[PDB]
Structure formats: C-alpha cells, structure tokens
Amino acid sequence: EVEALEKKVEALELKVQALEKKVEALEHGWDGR
Amino acid sequence: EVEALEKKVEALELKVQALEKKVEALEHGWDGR
Amino acid sequence: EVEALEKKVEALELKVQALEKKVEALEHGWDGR
C-alpha cells in the first residue's frame with residue numbers, strides 16, 4: 001500500500017512540474033507561447 | 001492514516017487532471033479559449 | 001514513511017492550489033493577466 005502510494009505521489013509530482021512549466025510559459029510568453 | 005492519504009492523493013489526481021485539461025485548452029486555443 | 005508521504009502530499013496540495021489560481025487568472029483575464 002505505502003509503496004504504491006509513493007508511486008502515485010511521485011507521478012503527481014511530475015504532472016505538477018509539467019503543469020508549472022506550461023503555466024509559467026503562458027504567463028510570461030516564453031518563446032511566444 | 002493510509003486510507004486517508006489514499007483519499008487525498010486521489011483528490012489531487014482529479015485536481016491535476018482538471019488543470020491539465022484547462023492548460024491544454026489555453027495552449028491550443030480549443031473552442032476559442 | 002507515512003509521515004513523510006503526508007509531507008509530500010501537502011506540498012502537492014499547495015502547488016496545485018497555486019496552479020489553480022494562476023490558471024483561473026489566465027482563463028478569466030483577472031487584472032489583465
């Protein structure tokens with residue numbers, strides 16, 4: 001159970017990081033995004 | 001404890017999915033968004 | 001293990017909340033964002 005929750009949490013960390021990069025690019029207009 | 005953390009994690013999965021849909025719509029201009 | 005996962009999950013909750021605020025501001029044009 002705990003090891004599987006570790007997996008889900010790390011998967012969420014990656015998804016959140018990807019969202020952060022995309023949202024920062026939209027906010028700041030990076031490379032015309 | 002573990003069952004409650006499962007709940008928090010699934011709640012985060014849904015919030016992240018909703019954010020992904022919204023960010024993809026902004027990036028791609030879906031339906032004029 | 002469990003206490004550390006609680007920490008990671010709450011950190012994700014804060015990151016997701018910040019993303020939600022930023023995405024809602026982009027969607028709605030709050031304050032010219």
# chains A, B, ... in the order shown; residues from 1 in each chain; ligands from 1
call {"tool": "interface_residues", "arguments": {"of": "chain B", "to": "chain A", "cutoff": "10 Å", "atoms": "only C-alpha atoms", "output": "PyMOL selection string"}}
result
chain B and resi 2-3+5-6+9-10+12-13+16-17+19-20+23-24+26-28
call {"tool": "select_by_dssp", "arguments": {"residues": "chain A", "states": "alpha helix (DSSP H)", "output": "mmCIF file with N, CA and C atoms, in the first residue's frame"}}
result
data_model
loop_
_atom_site.group_PDB
_atom_site.id
_atom_site.type_symbol
_atom_site.label_atom_id
_atom_site.label_comp_id
_atom_site.auth_asym_id
_atom_site.auth_seq_id
_atom_site.Cartn_x
_atom_site.Cartn_y
_atom_site.Cartn_z
ATOM 1 N N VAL A 2 1.798 1.331 0.929
ATOM 2 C CA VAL A 2 2.598 2.542 1.054
ATOM 3 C C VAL A 2 3.500 2.711 -0.158
ATOM 4 N N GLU A 3 4.139 1.627 -0.608
ATOM 5 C CA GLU A 3 4.999 1.732 -1.782
ATOM 6 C C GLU A 3 4.199 2.150 -3.014
ATOM 7 N N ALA A 4 2.954 1.689 -3.124
ATOM 8 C CA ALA A 4 2.141 2.090 -4.263
ATOM 9 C C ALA A 4 1.740 3.556 -4.158
ATOM 10 N N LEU A 5 1.476 4.034 -2.938
ATOM 11 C CA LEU A 5 1.155 5.443 -2.765
ATOM 12 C C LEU A 5 2.365 6.319 -3.056
ATOM 13 N N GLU A 6 3.565 5.856 -2.693
ATOM 14 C CA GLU A 6 4.770 6.567 -3.107
ATOM 15 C C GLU A 6 4.798 6.748 -4.616
ATOM 16 N N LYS A 7 4.430 5.701 -5.354
ATOM 17 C CA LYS A 7 4.426 5.765 -6.810
ATOM 18 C C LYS A 7 3.425 6.796 -7.314
ATOM 19 N N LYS A 8 2.200 6.763 -6.784
ATOM 20 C CA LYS A 8 1.182 7.725 -7.208
ATOM 21 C C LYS A 8 1.620 9.150 -6.906
ATOM 22 N N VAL A 9 2.213 9.359 -5.730
ATOM 23 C CA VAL A 9 2.634 10.695 -5.340
ATOM 24 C C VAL A 9 3.744 11.204 -6.256
ATOM 25 N N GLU A 10 4.740 10.364 -6.567
ATOM 26 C CA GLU A 10 5.794 10.816 -7.480
ATOM 27 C C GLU A 10 5.243 11.086 -8.876
ATOM 28 N N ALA A 11 4.274 10.282 -9.323
ATOM 29 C CA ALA A 11 3.622 10.555 -10.600
ATOM 30 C C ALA A 11 2.942 11.914 -10.582
ATOM 31 N N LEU A 12 2.294 12.251 -9.464
ATOM 32 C CA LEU A 12 1.675 13.565 -9.327
ATOM 33 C C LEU A 12 2.723 14.673 -9.330
ATOM 34 N N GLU A 13 3.855 14.455 -8.653
ATOM 35 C CA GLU A 13 4.914 15.459 -8.652
ATOM 36 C C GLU A 13 5.360 15.783 -10.074
ATOM 37 N N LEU A 14 5.509 14.760 -10.919
ATOM 38 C CA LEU A 14 5.904 15.001 -12.304
ATOM 39 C C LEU A 14 4.818 15.734 -13.083
ATOM 40 N N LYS A 15 3.557 15.326 -12.911
ATOM 41 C CA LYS A 15 2.463 16.010 -13.599
ATOM 42 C C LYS A 15 2.385 17.470 -13.182
ATOM 43 N N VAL A 16 2.562 17.740 -11.889
ATOM 44 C CA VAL A 16 2.509 19.109 -11.386
ATOM 45 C C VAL A 16 3.678 19.925 -11.928
ATOM 46 N N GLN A 17 4.867 19.333 -11.978
ATOM 47 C CA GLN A 17 6.011 20.040 -12.542
ATOM 48 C C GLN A 17 5.771 20.409 -14.003
ATOM 49 N N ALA A 18 5.205 19.483 -14.772
ATOM 50 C CA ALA A 18 4.926 19.771 -16.172
ATOM 51 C C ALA A 18 3.908 20.898 -16.298
ATOM 52 N N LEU A 19 2.874 20.887 -15.445
ATOM 53 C CA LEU A 19 1.892 21.966 -15.446
ATOM 54 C C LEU A 19 2.535 23.291 -15.074
ATOM 55 N N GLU A 20 3.404 23.284 -14.065
ATOM 56 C CA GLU A 20 4.072 24.519 -13.669
ATOM 57 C C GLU A 20 4.852 25.118 -14.830
ATOM 58 N N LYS A 21 5.571 24.278 -15.585
ATOM 59 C CA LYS A 21 6.341 24.781 -16.721
ATOM 60 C C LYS A 21 5.431 25.346 -17.794
ATOM 61 N N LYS A 22 4.318 24.667 -18.054
ATOM 62 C CA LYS A 22 3.402 25.140 -19.077
ATOM 63 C C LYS A 22 2.722 26.429 -18.648
ATOM 64 N N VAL A 23 2.308 26.520 -17.381
ATOM 65 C CA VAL A 23 1.627 27.730 -16.930
ATOM 66 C C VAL A 23 2.594 28.903 -16.891
ATOM 67 N N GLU A 24 3.841 28.666 -16.473
ATOM 68 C CA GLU A 24 4.797 29.766 -16.460
ATOM 69 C C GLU A 24 5.073 30.256 -17.873
ATOM 70 N N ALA A 25 5.126 29.344 -18.843
ATOM 71 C CA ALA A 25 5.318 29.772 -20.227
ATOM 72 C C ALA A 25 4.143 30.605 -20.728
ATOM 73 N N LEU A 26 2.914 30.237 -20.356
ATOM 74 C CA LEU A 26 1.760 31.044 -20.758
ATOM 75 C C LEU A 26 1.760 32.407 -20.066
ATOM 76 N N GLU A 27 2.107 32.444 -18.777
ATOM 77 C CA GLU A 27 2.103 33.709 -18.048
ATOM 78 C C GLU A 27 3.113 34.681 -18.621
ATOM 79 N N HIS A 28 4.295 34.184 -18.962
ATOM 80 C CA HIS A 28 5.416 35.037 -19.313
ATOM 81 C C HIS A 28 5.614 35.158 -20.814
#
